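What follows is a short report on a single structure.
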Amino acid sequence: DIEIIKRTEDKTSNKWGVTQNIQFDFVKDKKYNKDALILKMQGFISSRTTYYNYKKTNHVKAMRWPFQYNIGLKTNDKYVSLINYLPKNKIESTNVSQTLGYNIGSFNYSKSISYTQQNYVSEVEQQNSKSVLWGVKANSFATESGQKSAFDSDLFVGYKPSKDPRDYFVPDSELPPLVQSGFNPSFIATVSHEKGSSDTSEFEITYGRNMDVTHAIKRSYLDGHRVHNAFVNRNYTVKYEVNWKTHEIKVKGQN
Amino acid sequence: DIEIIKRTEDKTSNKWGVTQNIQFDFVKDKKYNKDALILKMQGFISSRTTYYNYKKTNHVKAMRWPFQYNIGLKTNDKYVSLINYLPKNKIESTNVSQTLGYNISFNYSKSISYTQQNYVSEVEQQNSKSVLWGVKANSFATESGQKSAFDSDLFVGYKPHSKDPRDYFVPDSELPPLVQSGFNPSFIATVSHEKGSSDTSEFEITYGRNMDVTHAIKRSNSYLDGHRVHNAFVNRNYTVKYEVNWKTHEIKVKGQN
Amino acid sequence: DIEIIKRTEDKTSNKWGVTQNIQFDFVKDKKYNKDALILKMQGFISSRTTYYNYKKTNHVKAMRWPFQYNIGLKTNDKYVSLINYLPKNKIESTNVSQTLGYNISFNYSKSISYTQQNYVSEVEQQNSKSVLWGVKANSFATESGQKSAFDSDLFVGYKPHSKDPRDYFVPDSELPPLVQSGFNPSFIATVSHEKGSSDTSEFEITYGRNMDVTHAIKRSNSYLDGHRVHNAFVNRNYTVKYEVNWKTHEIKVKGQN
Amino acid sequence: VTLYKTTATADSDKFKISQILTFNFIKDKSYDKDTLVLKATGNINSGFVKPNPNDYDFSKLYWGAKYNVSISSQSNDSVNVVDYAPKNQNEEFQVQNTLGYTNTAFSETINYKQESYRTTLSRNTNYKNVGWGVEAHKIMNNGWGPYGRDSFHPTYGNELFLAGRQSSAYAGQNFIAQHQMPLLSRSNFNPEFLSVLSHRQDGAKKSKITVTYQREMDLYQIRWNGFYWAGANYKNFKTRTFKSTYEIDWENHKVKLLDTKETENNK
Amino acid sequence: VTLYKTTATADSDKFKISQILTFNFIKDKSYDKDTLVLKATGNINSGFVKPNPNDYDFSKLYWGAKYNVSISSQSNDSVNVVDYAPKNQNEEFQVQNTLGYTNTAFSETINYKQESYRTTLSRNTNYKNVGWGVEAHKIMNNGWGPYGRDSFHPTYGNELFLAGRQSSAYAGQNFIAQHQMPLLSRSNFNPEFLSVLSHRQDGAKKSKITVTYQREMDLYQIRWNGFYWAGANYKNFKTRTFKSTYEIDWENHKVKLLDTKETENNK
Amino acid sequence: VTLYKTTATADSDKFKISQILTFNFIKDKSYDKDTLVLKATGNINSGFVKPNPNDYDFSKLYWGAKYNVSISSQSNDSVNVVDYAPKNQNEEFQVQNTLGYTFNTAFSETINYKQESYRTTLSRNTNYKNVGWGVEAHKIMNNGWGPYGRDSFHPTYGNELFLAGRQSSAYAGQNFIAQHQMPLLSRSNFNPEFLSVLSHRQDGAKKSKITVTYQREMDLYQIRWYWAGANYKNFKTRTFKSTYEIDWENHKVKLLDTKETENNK
Amino acid sequence: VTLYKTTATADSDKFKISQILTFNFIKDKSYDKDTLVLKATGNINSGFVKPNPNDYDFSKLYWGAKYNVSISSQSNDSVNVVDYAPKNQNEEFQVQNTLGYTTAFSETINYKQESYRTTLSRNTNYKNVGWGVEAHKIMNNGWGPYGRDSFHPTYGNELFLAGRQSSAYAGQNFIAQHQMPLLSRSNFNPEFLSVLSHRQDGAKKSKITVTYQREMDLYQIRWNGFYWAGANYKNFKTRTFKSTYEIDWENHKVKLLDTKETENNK
C-alpha cells in the first residue's frame with residue numbers, strides 16, 4: 001500500500017571541493033492525503049585542509065582547516081513543507097557516580113561523570129516549514145596526553161621547528177579523518193506537497209565548510225595562535241526542481 | 001479466540017487537581033465462562049505542592065508536599081470479583097558481595113547493592129471487591145548522597161532570609177518530578193462478572209494524595225533547619241463512580257467527590 | 001511425523017518421606033526404527049532433617065541431615081536400552097586472570113573464578129540397563145565465607161545451652177532449602193525398546209537420601225564444637241516398580257519398598 | 001488440545017485474607033487423564049500491629065513472619081498433584097579466589113542473592129497436597145545484619161527491629177521506623193503459586209479441592225534493663241488461617257466455592 | 001482497524017518557532033469513539049543573545065532556560081485527551097553500600113542519569129489539555145556544578161555561566177565559552193511530544209485544537225565588586241509565545257491551519 | 001533430504017564401560033554418497049581405587065587420568081570419516097598491558113583465559129578411516145594451589161597432585177587430599193559426547209562394519225614419608241571395543257561383537 | 001527487483017597485486033537508472049624488503065605503508081558513483097572525569113586504535129571513488145604509538161628501531177619481523193563497495209577503471225658513535241596496477257579490456 005519512486009542526482013564542484021549525492025524518494029502512501037518526498041542528502045565535502053608560510057616571516061606557518069561543515073535545505077514553494085528531518089538536537093545526558101566514605105577520623109568524597117565524545121557534533125542551526133540548516137562542528141579529539149578541545153589554540157600544533165610549513169603541524173595520523181580527508185554527510189528530510197497545486201517545486205541544497213586558521217610560531221618550540229571563523233560559508237549550492245506528477249528531476253542551477 | 005470492546009472516560013476535578021483517564025476493555029474470551037472487564041487506570045494527579053509563611057512569624061516558612069499518592073478501586077456488585085491486578089507487592093531482593101582476605105594482617109568486606117525508586121508502590125488492601133495502592137516517597141538522589149523521605153531536612157533550602165517562602169526550600173531542579181509536577185498513575189485491574197446476573201455494575205475509582213509539611217526555620221551567622229509534620233493531610237482524594245452495562249457495553253458516570 | 005502418548009504416576013511413601021512424580025512419554029517417531037519411551041523423574045524428597053539429645057547426656061546434641069540425595073532408574077528387560085539421560089557429568093571449567101607487575105618491586109597475582117552450587121549432581125553409574133545419580137552437598141554461602149559440606153562445624157549453632165537440641169544448630173534461615181525442606185528432583189531418561197519383542201517392560205525407580213549426623217558439644221566462656229559422622233545412614237531409599245505396555249500404553253505399579 | 005478457563009474467589013474480611021483461584025482445564029488427546037492448571041493468588045495481610053509509643057521500658061509489636069499456602073485434593077478421589085511451582089532452590093553463588101605475592105596475600109570473594117523472605121516447600125507435600133512456606137529470611141536492619149526470626153546476640157538478644165542498643169528512651173519509640181521494615185513484615189503478601197493436577201476420566205465428574213492461606217505473626221519485644229536495650233522474638237505467637245473448599249466440575253469445567261472457615265491460634 | 005494520516009505546519013519567523021504536527025486518525029470497530037494520535041515536533045529557538053565583549057565591570061546575556069509546549073481541545077467540543085508521552089518519571093538510581101574491617105570503613109555509592117534539561121508535565125494538564133515544560137536542570141560549568149536557574153552561593157551568587165571568580169578581564173568576556181553551554185540554552189529545541197485524543201461519533205464533524213510553543217529566556221548577569229566576580233540569574237525575563245489553532249475534520253481526516261498568534265512578555 | 005535414525009549399545013559390566021551410539025542416516029539427492037552422523041555417548045568409569053587408610057609411611061591410589069575414544073571403518077570398505085567434533089582448539093586468551101608514571105614507574109601485564117581440569121585433543125592416529133580423541137587430565141588445583149597434572153615435578157616433593165600436606169603428621173593412607181577435592185573425571189565417570197560424520201559409496205556393499213573403542217588410562221599416584229609424591233602414567237589400562245554392522249540399505253545397525261582387554265604393568 | 005551477478009579478475013604477478021571484482025546488477029522498476037553494486041577485493045602485497053643482516057653502522061628496509069584503491073567511470077559516459085563504503089569516520093571516544101576530596105582530579109579516555117586507518121581519497125567525486133589505507137598507530141613493543149612521521153629530536157623516528165644503545169649490527173637492530181604490523185610486511189586484502197548508476201537511454205557498454213597501488217616507505221637506521229637513530233621516508237617506491245573493464249549493462253556481463261603496471265622510484 002506504499003509505492004516508492006526513486007531518483008538520483010550527483011553533482012560535483014571542483015571549485016568548492018564538494019560532491020552532492022542526492023536521492024529523491026517520492027512516497028505514494030494511500031493512507032496519506034498529501035504528496036510526499038524524502039530527500040537523502042549524502043556525498044563528500046573535502047576538508048580542503050592546507051598549509052603555508054605566513055606572509056614573508058619564515059618563522060610562522062599556518063594551517064587552514066574545517067572547523068565546521070554546513071548542510072542545508074530550502075524550498076520556495078509555498079505548497080511544500082518540511083514535516084521531518086534527521087538528525088535533531090537532543091538533550092545532553094551523562095552518567096554520574098557519587099561516593100561518600102568514612103574511615104574510623106577520615107572523610108572522602110568522590111564524584112565521577114562519564115559520557116561519549118564525538119570529534120564533530122551535528123546541531124540544528126535553524127529550521128522551519130521551508131528549510132533546515134545543520135552545522136557539524138569540531139568538538140573534541142583524543143590525543144596522547146588527554147582529550148583536546150577544538151578551541152585549544154595549540155590544537156594540531158606540531159614538533160619540527162624545518163621551514164616546510166607542513167612540518168609546523170601534527171602529522172596526518174594525529175588528525176581526525178574529517179580534517180585529513182573530509183566529511184561524508186548523511187542527512188534526511190521529508191517534505192509534504194499539497195496535491196493538485198504546483199506541478200513542480202524547487203529545492204536548494206547547500207554543502208560547504210567554515211575554515212579556521214592555526215598559526216604556528218617558532219619561539220626553540222612551537223606556539224599556537226588561532227583565527228576562529230577565518231572563512232565562513234564556503235559553500236556549494238545546487239538547485240534541483242522536482243515534478244510531482246512525472247517524477248522528473250532537473251538541476252536548475254549551482255554556484 | 002478473543003473479542004475486545006473498548007470504552008474510555010476522562011474526568012477532571014479542579015478542586016482536587018486530578019484527572020482520571022480510564023479505559024474499560026470488555027473481554028469476550030470464548031474459553032472463559034464468565035464475563036470479564038479490564039480497567040486501565042491512568043491520568044494525572046498533580047502534586048499541589050505549595051509554599052507559605054508560617055502564621056505571622058518572619059523566620060518560619062512552610063512547604064506542603066505529596067508524601068504519598070492514593071489509587072483505589074472498589075465495586076459493590078456481589079456478582080463481580082477482582083481476579084487480577086498490577087502491580088503487586090514483591091519480596092525485596094539485593095545483591096551481596098562478601099570478601100575475606102589476609103596478608104603475611106586481616107580484612108573483611110561486605111557490600112550490598114540495589115535499585116532505589118523515588119516513590120514505591122505498595123498494595124495496601126485487596127479483596128474480591130476492591131484493591132487499594134499507596135505510592136510512597138522513599139529515597140532521593142542528591143549531592144551529598146541519597147536522602148530518605150523521612151529526613152526532617154529533606155527539601156530544606158539555601159536562602160535565609162529572602163522573605164519569599166519558596167526560597168526556604170530547594171529549587172525545582174532538586175525536586176523529583178513527582179513533587180515538582182505530580183504522578184501519572186498506571187494501574188490495572190481485571191474483574192469477572194457472573195453471566196446473566198446483574199445487568200449493570202458500579203465501580204468507584206479513587207485518586208488522591210497525602211501531604212506532609214516541612215517547616216523551615218532560620219537560625220542561629222544564619223542557616224535553615226527542618227521540622228516535619230508527617231501525614232499533615234491524608235486522603236485528599238477524588239472519587240468517581242462509574243457504572244458498566246455488561247450487555248450493551250455502555251459506561252455512565254454516576255457520581256463524583 | 002512425531003506422536004507422543006503421555007502417562008503419569010504419582011506415588012508417595014510416608015515411611016520414606018518421598019513422592020515420585022513420574023511422567024512417561026511414549027515416542028512414535030516415524031524416522032526411528034525402535035520403540036522409545038522418555039521418563040521424566042520429578043517429585044519431592046523431604047530432607048527428614050531432625051534434631052535430638054544425644055544418649056542421656058545434657059551437653060551433646062545432634063542434627064541428622066541429608067548429605068546426599070539418590071536418584072536411580074533400572075530396567076529388567078533385555079529388549080530395552082538406555083539411549084539418553086540428563087544431567088551428565090561435565091569437566092570442571094574455571095576462569096583465570098593472572099598479572100605480573102614491575103614497580104621501579106615485582107608483584108604477581110593469580111585469581112580463579114567459578115560458580116558454586118549447594119549440591120552437585122554426579123552420575124554414579126550408568127549402563128544400557130540403568131543409571132544412578134547422587135546429588136551431594138557441596139558448598140554453602142554464609143557470613144564468614146563459603147563453608148564446605150565437609151566442615152565438621154557446618155550448621156553448628158549459637159545457643160548453648162538452651163536444652164532444646166534445635167538450638168544447638170543454625171536457624172532455618174541459615175540452612176539451604178535442600179536441608180530445611182528437601183529436594184525436587186528433575187532427571188530425565190530415554191530408553192529404546194526392540195519392536196515387537198516383549199509386550200511389557202519393568203522399570204524400577206529409586207529416590208532417597210544418605211544422612212549425615214552432626215554432633216554439637218558444649219565446651220569450656222562456653223561455646224559449641226562440631227563433630228561429624230559422615231554416611232551415618234546410607235541408601236534410605238524409596239523404590240517403586242512400574243510396568244509399561246509397549247502396545248496398549250498402560251502403566252501399572254507393580255510394587256514398592 | 002483444548003483449554004477451558006474459569007476463576008473463583010473467597011474472602012475473610014476479618015483476617016484480611018483473600019484467595020483468587022484461576023483454573024485452566026486442559027484436555028489433551030495424547031494423555032489419558034484430565035489436566036487442571038491452578039494458579040493461586042490474592043492477598044494475605046501481615047497482621048502487623050504497631051508498638052504503643054507510650055510503653056516506657058518494655059515494648060512489643062506484632063509482625064508477619066511467615067505465610068503458608070497449601071492446596072490439596074481428597075484422599076478418596078482420583079485427583080493427584082503432579083507438578084507445581086516454585087520448587088525448592090539448589091542455590092548458587094559466585095566465587096573469586098586470589099593469591100598474590102610481592103610478602104603474600106590470599107583473598108576470597110563470594111557473590112550471591114539475598115532475599116527478604118524465602119520460599120520453600122512444605123514437608124507435608126505429597127501426591128495429593130502441595131504447600132509452601134514464605135518465611136522471613138535475611139532482613140537488614142540499618143545496613144546491619146542480616147537478622148531473622150531466631151537471630152541471637154548473647155547480650156542484646158534479637159536486634160531484628162531494635163533501633164539503638166543505648167537509646168535514650170522511649171521503648172515503643174526504640175523500634176526501627178516502620179518504613180525500614182521489610183514489606184511482607186508490615187503490609188500484605190501477594191501469593192503467586194502454581195499447581196498442576198490430574199483427574200481420572202473414569203472417576204467422579206466432580207471433586208473437591210481445599211485451599212488454605214495462613215499467616216504466622218511473631219511477637220517482637222524490647223526491654224531496657226538499666227544498662228542497655230535488648231530484644232526478643234517469639235515465633236508464631238499468633239496464627240490466622242483461612243481455608244476454602246471448592247468443587248471442581250471436571251465435565252463442565254466449572255468451579256464453585258462450597259465453603260470457608262476461619263481459625264486462629266493465640267499463644 | 002483503519003489508519004489515516006495527515007500533517008500540518010505553522011511558523012513564526014519573527015520568533016524562530018515552527019510547529020510540525022503529524023496526525024494519525026484511527027478508526028477501530030471495537031471502540032465507540034474516533035481516535036487521533038497527534039505528534040508535535042518542529043523547532044523552538046532558544047532566543048540566546050551573546051554578551052557584548054566591551055561591557056566592563058558588569059555584563060549580561062539571555063539564554064533559553066525553559067520551553068513549554070501545550071496541546072488543548074475546546075471546553076464546548078467532545079474531544080478529550082486520553083493519553084500522552086512523555087509522562088512524569090518516578091526516577092531511579094543504583095546504590096552500593098560497603099562495610100569493611102581490617103580500622104572500620106563505610107562507603108555508599110549511588111549511580112544515576114543526569115540531564116541538562118528535564119521534561120515534566122504542566123500543572124494545567126487535564127482532560128482537555130496536556131502540556132510539558134522542558135527546563136534547564138543540571139548544568140556543568142567545566143567540571144564544576146551542577147548549576148541551574150536558581151543556584152545560589154552566599155558570596156558569588158549564581159555561578160552558572162561565570163568563567164572565574166578572580167578573573168582579570170572585561171565583564172563581557174568572563175562568561176564561559178559559548179560552546180561550553182548546553183545545546184538547548186544557546187541553540188534550538190526540537191520538541192517531540194505525543195498526545196492521544198478521543199472524539200465522540202455523534203459530535204460535530206469538525207473540531208478545534210490549539211497548540212502552543214513557547215520559550216522562557218533567562219537573564220544572566222555578572223558583576224565585579226572590587227574583590228571578586230559574582231553572578232545573578234533572573235528567570236523568565238523575556239517570554240516568546242506562538243500559538244496555532246487547527247481545525248480537525250474527523251469525518252474526512254483532514255486538518256487545516258486556521259490561525260496563529262505571536263505574543264511576548266518583557267520584565 | 002531424508003533422515004533415518006537408529007541406536008545401538010554395548011556394555012562391559014566388568015570394566016564399567018558402556019557405549020551408546022546414535023545413528024542418523026541422511027540421504028541427500030544433491031550428494032553422490034550415503035551420509036551417516038554418528039554420536040558416541042555412554043559411560044567410562046574412572047577405575048578409581050581409594051587408598052587404604054592403614055598404609056603407614058607409603059601409600060597409593062589409582063585414578064582415571066585419560067580417556068580414549070576411537071571410531072573406525074574397515075580398510076577394505078568404502079566408508080570414510082569426513083568430519084567430526086570436537087576439533088583441536090587454537091586457544092585464545094585476553095591481554096591487558098599497562099604503563100604508569102607518578103611525578104615512579106609501573107608496568108603490568110594481565111592475561112585472562114579458560115582453565116579446564118581435563119583437555120580434549122584428537123588422536124594423532126586420526127585419518128580418513130579413523131577418528132579418535134584423548135580426554136586427558138590437564139590443569140588440576142590441589143587446594144588453592146597448582147595447577148598440577150600427570151607430570152608435575154617439584155625437585156623436593158616430586159608430584160604433589162593429590163598430596164594433602166608436605167609436613168603432615170598422619171598415616172600415608174590419610175595424607176591424600178579429600179576425595180571430594182579431586183576432579184570429577186578422576187574419581188567418578190566420564191560421559192563421552194563425540195560426533196563423527198561418515199560417507200558410504202552408493203555402489204558399495206550394502207553392509208559395512210564400524211569398530212568403536214572406549215578406554216581408560218589409570219594412573220598410579222603414590223606418596224611416601226618430609227612427604228613426597230610420584231605419579232606413574234597409565235599403570236593400568238582398561239579397554240572395551242565393539243564392532244557394529246551398519247546396514248546402509250535398510251538403515252539398521254546391529255551389534256556384532258565385543259572385546260575387553262586390559263594392561264597392567 | 002531483479003539481480004544479475006558476475007565477476008572479473010586481473011593480476012600483476014610482477015607486483016603481487018591481484019583485483020577481484022564482484023558485480024551485482026540491480027534492475028528496479030521504481031528507479032529510472034540501472035544500478036551496479038561493485039565489490040572490490042583481492043590482494044595487494046606490501047612490497048616488504050627485509051634488511052640485509054650484514055649492514056654495519058647503517059641499514060634500511062622497505063615496508064608497505066599505504067595502500068590506495070580507486071574505482072572510476074569515464075567522464076564521457078552516463079555512469080555515476082552514487083554510494084560507497086567505508087565512509088570517513090567521525091570518531092568517538094569515552095570519557096570519565098572524576099573529582100575527589102579527602103583534592104584529586106582525573107580524566108580517563110577510552111578509544112579504539114587501528115594500526116592502519118582507512119579514509120577517502122580527496123579526488124573522490126561523482127565519477128570516481130578512492131580510498132587510502134595508511135599506516136596509523138603502530139606499537140614498537142609496548143612503546144609508541146609511532147607512524148610514518150614520528151619525530152623524536154634525538155633518535156628521529158623510532159618506528160622499527162630495536163634499541164637506542166644497542167650493541168649489534170645495523171640490520172640486526174630493527175625489531176623482529178613478527179613484531180611489525182601485518183600490512184607492513186605481508187598482504188593487504190581490500191574490501192571496498194561502490195554503487196554506480198547508469199542511464200537507460202545511454203550506451204549499452206561503458207568502461208570502469210580500477211587501480212590498486214602500494215606506497216613503500218624506506219626506513220633506515222644509523223649509528224653515530226653515541227646512539228642509534230632512525231628516519232622514515234614516505235613513498236620512496238610506488239607500485240601500481242590499473243585495470244579497465246567493460247561493463248555490458250544490457251546483458252550484465254563484464255570483460256577485462258586492458259591492464260597496466262607502473263612504478264616510481266625516488
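Residue numbers start at 1 in each chain; chains themselves are named A, B, ... in the order of the C-alpha cells; ligands are numbered from 1 in the order shown.
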Distance cut-off 12 Å, counting only C-alpha atoms - which residues of chain B neighbour chain A? Return them as a CSV table (one decimal) with N, CA, C and O atoms, in the first residue's frame.
chain,number,residue,atom,x,y,z
B,141,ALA,N,18.0,11.0,45.2
B,141,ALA,CA,19.4,11.2,44.9
B,141,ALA,C,19.7,12.7,45.0
B,141,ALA,O,19.1,13.4,44.3
B,142,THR,N,20.6,13.0,45.9
B,142,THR,CA,21.1,14.4,45.9
B,142,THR,C,22.6,14.5,45.8
B,142,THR,O,23.3,13.4,45.8
B,143,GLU,N,23.2,15.7,45.7
B,143,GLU,CA,24.6,15.8,46.0
B,143,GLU,C,24.6,15.5,47.5
B,143,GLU,O,23.7,15.7,48.2
B,144,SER,N,25.8,15.0,48.0
B,144,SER,CA,25.9,14.6,49.4
B,144,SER,C,25.0,13.3,49.7
B,144,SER,O,24.7,13.1,50.9
B,145,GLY,N,24.7,12.5,48.7
B,145,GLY,CA,24.3,11.2,48.9
B,145,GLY,C,22.8,11.0,48.8
B,145,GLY,O,22.0,12.0,48.4
B,146,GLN,N,22.3,9.8,49.1
B,146,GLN,CA,20.9,9.5,49.0
B,146,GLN,C,20.3,10.0,50.3
B,146,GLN,O,20.8,9.9,51.3
* Asked: What residues in chain E have any atom no more than 12 Å from chain G when counting only C-alpha atoms, and can you write them as a ChimeraX atom specification?
  -> /E:140,142-145
Would you put the residues from that selection into a file with N, CA and C atoms, as a compact mmCIF listing (two decimals), in the first residue's frame?
# COMPACT_ATOMS: atom_id res chain seq x y z
N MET E 140 26.68 21.60 33.91
CA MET E 140 28.06 21.59 34.39
C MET E 140 28.84 22.76 33.80
N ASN E 142 32.30 23.68 33.19
CA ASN E 142 33.51 22.86 33.13
C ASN E 142 33.30 21.57 33.94
N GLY E 143 34.12 21.35 34.96
CA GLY E 143 33.96 20.16 35.79
C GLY E 143 33.19 20.47 37.05
N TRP E 144 32.73 21.71 37.17
CA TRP E 144 32.05 22.14 38.38
C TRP E 144 30.55 22.28 38.20
N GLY E 145 29.82 22.18 39.32
CA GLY E 145 28.37 22.21 39.32
C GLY E 145 27.83 20.92 39.92
* To do: Using only C-alpha atoms, find the residues of chain A whose closest atom to chain G is at most 9 Å away, then write them as a PyMOL selection string.
  => chain A and resi 3-14+17-23+42-44+46-48+106-121+141-142+146-147+159-160+171-174+176-178+180-184
* **Per-residue DSSP, region 88-205 of chain A, filtered to helix (DSSP H, G or I), as number ranges by chain** => A: 165-168, 172-174, 177-180
Please produce a file of the residues just selected, as a tab-separated table (two decimals), in the first residue's frame, where the atoms kept are C-alpha atoms.
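Output file again03.tsv follows:
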chain	number	residue	atom	x	y	z
A	165	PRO	CA	55.00	24.60	6.70
A	166	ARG	CA	53.52	21.09	6.85
A	167	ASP	CA	56.10	20.32	9.50
A	168	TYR	CA	54.78	23.03	11.84
A	172	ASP	CA	48.15	13.12	9.37
A	173	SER	CA	47.87	10.21	11.84
A	174	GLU	CA	47.14	12.65	14.64
A	177	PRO	CA	39.52	11.89	9.25
A	178	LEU	CA	37.22	14.92	8.96
A	179	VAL	CA	40.32	17.16	8.90
A	180	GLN	CA	42.73	14.96	6.96
* Hey, list the chain D side of the contact with chain B: 7 Å cut-off, only C-alpha atoms, answer as a ChimeraX atom specification. => /D:3-6,9,11,18,20,43,103-117,187-190
Sorted by chain and rising residue number, which residues of region 50-156 of chain A lie within 8 Å of region 205-229 of chain A, and what are their closest atom pairs and distances in Å to one decimal, counting only C-alpha atoms, as CSV?
residue,atom,partner,partner_atom,distance
A:59,CA,A:218,CA,5.4
A:60,CA,A:217,CA,4.3
A:61,CA,A:216,CA,5.3
A:62,CA,A:215,CA,4.4
A:63,CA,A:214,CA,5.2
A:64,CA,A:213,CA,4.4
A:65,CA,A:211,CA,5.2
A:66,CA,A:211,CA,4.4
A:67,CA,A:211,CA,5.4
A:68,CA,A:210,CA,5.2
A:69,CA,A:209,CA,4.4
A:70,CA,A:208,CA,5.0
A:71,CA,A:207,CA,4.9
A:72,CA,A:206,CA,5.0
A:73,CA,A:205,CA,4.7
A:74,CA,A:205,CA,6.7
A:153,CA,A:226,CA,5.2
A:154,CA,A:224,CA,4.6
A:155,CA,A:224,CA,7.5
Contact set, chain E to chain D: 9 Å, only C-alpha atoms, as an mmCIF file with C-alpha atoms, in the first residue's frame:
data_model
loop_
_atom_site.group_PDB
_atom_site.id
_atom_site.type_symbol
_atom_site.label_atom_id
_atom_site.label_comp_id
_atom_site.auth_asym_id
_atom_site.auth_seq_id
_atom_site.Cartn_x
_atom_site.Cartn_y
_atom_site.Cartn_z
ATOM 1 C CA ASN E 97 26.737 0.225 50.492
ATOM 2 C CA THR E 98 30.017 -1.217 51.731
ATOM 3 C CA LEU E 99 31.303 -2.026 55.224
#
Set the distance at 9 Å and use only C-alpha atoms: which residues neighbour residue 226 (chain C) once local chain neighbours fewer than 4 positions away are removed? I'd like the list as an mmCIF file with N, CA, C and O atoms, in the first residue's frame.
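Now in around03.cif:
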data_model
loop_
_atom_site.group_PDB
_atom_site.id
_atom_site.type_symbol
_atom_site.label_atom_id
_atom_site.label_comp_id
_atom_site.auth_asym_id
_atom_site.auth_seq_id
_atom_site.Cartn_x
_atom_site.Cartn_y
_atom_site.Cartn_z
ATOM 1 N N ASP C 151 33.081 -29.602 56.362
ATOM 2 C CA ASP C 151 33.493 -28.987 57.642
ATOM 3 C C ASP C 151 32.692 -29.508 58.836
ATOM 4 O O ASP C 151 31.456 -29.440 58.874
ATOM 5 N N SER C 152 33.415 -30.042 59.817
ATOM 6 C CA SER C 152 32.776 -30.681 60.958
ATOM 7 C C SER C 152 31.933 -29.663 61.742
ATOM 8 O O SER C 152 31.031 -30.043 62.486
ATOM 9 N N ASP C 153 32.197 -28.375 61.550
ATOM 10 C CA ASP C 153 31.427 -27.325 62.223
ATOM 11 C C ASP C 153 30.233 -26.799 61.412
ATOM 12 O O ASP C 153 29.537 -25.881 61.847
ATOM 13 N N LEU C 154 29.980 -27.380 60.245
ATOM 14 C CA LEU C 154 28.846 -26.940 59.432
ATOM 15 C C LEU C 154 27.493 -27.107 60.185
ATOM 16 O O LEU C 154 27.210 -28.161 60.774
ATOM 17 N N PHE C 155 26.695 -26.037 60.190
ATOM 18 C CA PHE C 155 25.378 -26.000 60.843
ATOM 19 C C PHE C 155 25.448 -25.889 62.358
ATOM 20 O O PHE C 155 24.414 -25.824 63.015
ATOM 21 N N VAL C 156 26.648 -25.816 62.914
ATOM 22 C CA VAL C 156 26.775 -25.724 64.359
ATOM 23 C C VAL C 156 26.371 -24.307 64.818
ATOM 24 O O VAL C 156 26.811 -23.284 64.253
ATOM 25 N N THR C 214 25.565 -34.531 62.585
ATOM 26 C CA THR C 214 26.456 -33.557 63.204
ATOM 27 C C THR C 214 26.130 -33.465 64.702
ATOM 28 O O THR C 214 25.000 -33.125 65.098
ATOM 29 N N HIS C 215 27.123 -33.812 65.517
ATOM 30 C CA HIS C 215 27.039 -33.662 66.960
ATOM 31 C C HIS C 215 27.592 -32.306 67.327
ATOM 32 O O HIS C 215 28.660 -31.920 66.860
ATOM 33 N N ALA C 216 26.835 -31.582 68.139
ATOM 34 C CA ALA C 216 27.284 -30.350 68.742
ATOM 35 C C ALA C 216 27.547 -30.598 70.242
ATOM 36 O O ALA C 216 26.664 -31.063 70.981
ATOM 37 N N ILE C 217 28.773 -30.301 70.670
ATOM 38 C CA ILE C 217 29.195 -30.499 72.052
ATOM 39 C C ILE C 217 29.400 -29.147 72.711
ATOM 40 O O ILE C 217 30.066 -28.271 72.136
#
